[PDB]
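In: need a structure here:
(2 chains)
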Amino acid sequence: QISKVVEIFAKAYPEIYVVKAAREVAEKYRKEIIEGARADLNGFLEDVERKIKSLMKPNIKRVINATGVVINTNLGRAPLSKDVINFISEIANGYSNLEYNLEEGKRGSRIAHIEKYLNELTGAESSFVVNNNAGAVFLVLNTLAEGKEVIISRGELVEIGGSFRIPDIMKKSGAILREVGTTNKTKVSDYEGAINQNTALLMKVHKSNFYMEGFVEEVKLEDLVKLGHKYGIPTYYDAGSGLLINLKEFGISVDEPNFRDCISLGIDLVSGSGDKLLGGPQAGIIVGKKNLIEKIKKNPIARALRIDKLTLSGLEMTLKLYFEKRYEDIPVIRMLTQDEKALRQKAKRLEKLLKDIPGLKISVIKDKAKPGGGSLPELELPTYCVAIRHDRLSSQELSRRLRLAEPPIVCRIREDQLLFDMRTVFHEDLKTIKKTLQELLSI
Amino acid sequence: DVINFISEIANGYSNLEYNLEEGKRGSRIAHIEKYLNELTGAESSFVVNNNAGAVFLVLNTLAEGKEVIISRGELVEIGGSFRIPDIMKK
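Out: Numbering: from 1, shown residues only, chains lettered A, B, ... in the order given. Coordinates below:
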């Protein structure tokens, strides 16, 4: 019973956790024994103690990312420069002029603090910001095309993440969905073909987390705009990457689309996540024509999507950085634009820390990985891994224990050889890497 | 080898639509199908001009006016005028 387990650990662990550890372990042996899968009760003493050790720590923990994927959906997307985290810390520490204008001394709209930055950086007439890009979509449809049709290419009906899908959202959006062209190809005649009285919207979505090769055709963006200005229809581009600037300017050569460029091209509305290529905290970012934004703003779901104090502040600081050309300060930009050189530099500095540890086979390989996970699907870039192999322990079991470390470490596996992509690894992590390994193979 | 076998059948008359046994017309599809049933292992078989029309046939035979469910990822445009949605319509 739970009272005997409270007697076994008196001062050992606080009474509150011990009973929550006996209640979860006791439902686990009640169901394992009912199903007839357990013949021994002896593991009960150690496991109620491991639960207590575990239940006494946070579920969400910082993790050292070895995979060399900058934008790791599973690992928390764009991490944040300390500068920013500090400004977020300060604003959360007490009250703040969130919804308060200091000039007039009367309430004010919280989305007003930021928008000045967006409209300067992109060039759009006005702007706005909601919970994530997801809702930013759901908002631009339900606002603009409730009960009327929207035209989109059959190749752009994406499923990104686990629950999101343009057709399943747009439906619930209340917009009527008109799918032109074919999977692989879509000409301009396909869009123009389906125009009619009901058509309220010309939407294009960017294939963020996939890509098609082979015989493939797509509708030029200059073309969608010409088309809409013909029949008097608004265009709506879901970047999704929400890349904020031209990326070629950093030496990486891709066609990824960005706010500034897409707007000056003549699209009427653009959106994208903030926790992607922008580098910030999670946010739906929407920019374009004044008359449209106003309309979005006034829709009463906007209040159900409006951003929290934490992501609001933190977004301002990241926007600040971007105005100050302080690029290297926003993690997701530095990690992609890191010099091939620089990577090696780090690679061998690590190797140097592990030489001494027993049983460790350590080598430095130059590999081609694909860094972007949720925003740059075709991108392939050279990065140096430190592959390691232990005589006593196998690569699989290695990863596993590394994931259970404090802090935990997550990495790629490849042909029974553990790898460490240096693209995503922070310096202060190296010392913690060495201490982790030596605690595992010497214990 | 092929081209010769073709050349030869083309240089004169042939039992194309003619069954020699019964001395009566026969289906031209009949010559081939025996090979197809053996190689594939299906119950029966048939042949038409090209795959394009083979799709068109199987839809219009089996689904005229009824629903055909297909993956949104599989609606292709192969070649310049063949498109599964465009033909499936017709």
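In: ok and the residue in the stretch 1-150 of chain A nearest chain B?
Out: Across the stretch 1-150 of chain A, no residue is closer to chain B than residue A:150, which sits at 16.0 Å (CB to the nearest CB). In short, each C-beta sits where N, CA and C put it, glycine included.
In: Using the three-state scheme, assign that residue.
Out: Classification of residue A:150 using DSSP: H, G, I helix; E, B strand; the rest coil returns strand.
In: For it, which non-adjacent residue is spatially closest?
Out: residue A:201 (3.9 Å; CB to CB, 6 or more residues apart in numbering or on different chains).
In: now swap in residue A:152 and tell me
Out: For residue A:152, the nearest residue in space outside its immediate sequence neighbours is residue A:203; the separation is 4.7 Å by CB to CB, 6+ apart.
In: what pairs with that neighbour across the strands?
Out: Under DSSP bridges, the beta-bridge partners of residue A:203 are residue A:236.
In: burial of the residue of the stretch 1-150 of chain A closest to chain B, as a residue count?
Out: Using other CB atoms under 10 Å in any protein chain shown as the criterion, residue A:150 is surrounded by 25 other residues.
In: so what's the residue nearest to residue A:152 up against?
Out: A:150-152, A:235-238 (CB atoms under 8 Å, 6 or more residues apart in numbering or on different chains).
In: Roughly how far does it sit from chain B?
Out: Here the distance between residue A:203 and chain B works out to 16 Å (CB to the nearest CB, to the nearest Å).
In: ditto for residue A:441
Out: As for residue A:441, its distance to chain B is 46 Å (criterion: CB to the nearest CB).
In: residues in contact with the strand or helix carrying residue A:113?
Out: Using DSSP states H and E, the secondary-structure element containing residue A:113 is helix A:112-121. Contact partners of helix A:112-121, identified using CB under 8 Å, 6+ apart, comprise A:101, A:124-129, A:244-245, A:259-260, A:285, A:287, A:312, A:315-316, A:319-320, A:322-323.
In: Return the set of buried residues in it.
Out: The neighbour-count criterion (16 or more other CB atoms under 10 Å in any protein chain shown) identifies A:113-115, A:117-119, A:121 as the buried residues of helix A:112-121.
In: could I get that helix in PDB with only the CA atoms?
Out: As requested, C-alpha coordinates have been extracted for helix A:112-121 and formatted as PDB (Å, rounded to 0.1, in the frame of the first residue of the first chain):
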ATOM      1  CA  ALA A 112       1.400  48.400 -32.100                       C
ATOM      2  CA  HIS A 113       4.900  48.200 -30.500                       C
ATOM      3  CA  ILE A 114       6.200  45.900 -33.200                       C
ATOM      4  CA  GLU A 115       4.500  46.800 -36.400                       C
ATOM      5  CA  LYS A 116       6.600  49.900 -36.900                       C
ATOM      6  CA  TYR A 117       9.600  47.500 -37.400                       C
ATOM      7  CA  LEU A 118       7.900  45.200 -39.800                       C
ATOM      8  CA  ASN A 119       6.600  48.000 -42.100                       C
ATOM      9  CA  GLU A 120      10.100  49.400 -42.300                       C
ATOM     10  CA  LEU A 121      11.900  46.100 -43.000                       C
END
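In: Show me chain A divided up by domain.
Out: For chain A, whose domains are defined here by curated CATH domains, the residue ranges read A:1-74+A:338-443, A:75-337.
In: if you compare those domains, which one is most tucked away?
Out: Taking mean count of other CB atoms under 10 Å in any protein chain shown as the contact definition, the stretch among the domains of chain A with the greatest mean neighbour count is domain A:75-337, which reaches a mean of 18.
In: So residue A:359 sits against residue A:441, correct?
Out: Yes: between residue A:359 and residue A:441 there is a contact under CB atoms under 8 Å: 5.8 Å.
In: quick one, what contacts residue A:270?
Out: In this structure, residue A:270 makes contact with A:122, A:124, A:236-239, A:259, A:262-263, A:286-288, judged by CB under 8 Å, 6+ apart.
In: Kindly reformat those residues as TSV containing secondary structure.
Out: Listed next are these as TSV, based on three-state DSSP:
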residue	secondary structure
A:122	coil
A:124	coil
A:236	strand
A:237	strand
A:238	strand
A:239	strand
A:259	helix
A:262	helix
A:263	helix
A:286	strand
A:287	strand
A:288	strand
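In: all strands for chain A, in order.
Out: Counting by DSSP state E, chain A has strands at residues A:64-65, A:126-130, A:149-153, A:176-180, A:199-205, A:235-240, A:269-273, A:284-288, A:360-369, A:381-390, A:409-410, A:412-413, A:418-419.
In: Could you find the closest non-adjacent residue to the most centrally placed residue in chain A?
Out: Computing the C-alpha centroid of chain A and ranking residues by CA atoms, centre = their mean puts residue A:77 first, at 3.1 Å. In this structure, residue A:77 finds its nearest non-sequential neighbour in residue A:275, 4.1 Å apart by CB to CB, 6+ apart.
In: quick one, phi psi at the one you found?
Out: For residue A:275, the backbone dihedrals (degrees, to the nearest 10) come out as phi -90, psi 20.
In: Would you check that my belief about residue A:161 contacting residue A:74 is correct?
Out: No: counting by CB under 8 Å, residue A:161 does not reach residue A:74; the two are 10.6 Å apart.
In: residues in the stretch 151-300 of chain A within reach of chain B, list them.
Out: By the rule CB under 8 Å from any CB of the partner chain, the part of the stretch 151-300 of chain A lying against chain B is A:154, A:157, A:167, A:181-185, A:215, A:217.
In: between residue A:359 and residue A:441, what contacts are shared?
Out: Counting by CB under 8 Å, 6+ apart, the residues touching both residue A:359 and residue A:441 are A:390, A:392-393.
In: List the contacts of residue A:408.
Out: Residues touching residue A:408, when contacts are defined by CB under 8 Å, 6+ apart, comprise A:61, A:63-64, A:402.
In: Turn the residues you listed into TSV, including distance to chain B.
Out: Converted to TSV, the contacts of residue A:408 look like this (distance: CB to the nearest CB, whole Å):
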residue	distance to chain B
A:61	37
A:63	33
A:64	36
A:402	36
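In: Those residues in helices, which ones?
Out: For the contacts of residue A:408, the ones inside helices are residue A:402, with DSSP state H as the criterion.
In: For the helix ranked longest in chain A, name the packing helices and strands.
Out: Identified as the longest helix of chain A according to DSSP H is helix A:15-34. The elements that helix A:15-34 packs onto, with contact taken as 3 or more CB pairs under 8 Å, 6 or more residues apart in numbering or on different chains; DSSP states H and E, are helix A:2-8, helix A:44-55.
In: So which residues make contact with that helix?
Out: A:2, A:5-6, A:9, A:12-13, A:38, A:41, A:44, A:47-49, A:51-52, A:55-56.
In: give me that answer again for 6 Å
Out: A:2, A:5-6, A:9, A:38, A:47-48, A:51-52, A:55-56 (CB atoms under 6 Å, 6 or more residues apart in numbering or on different chains).
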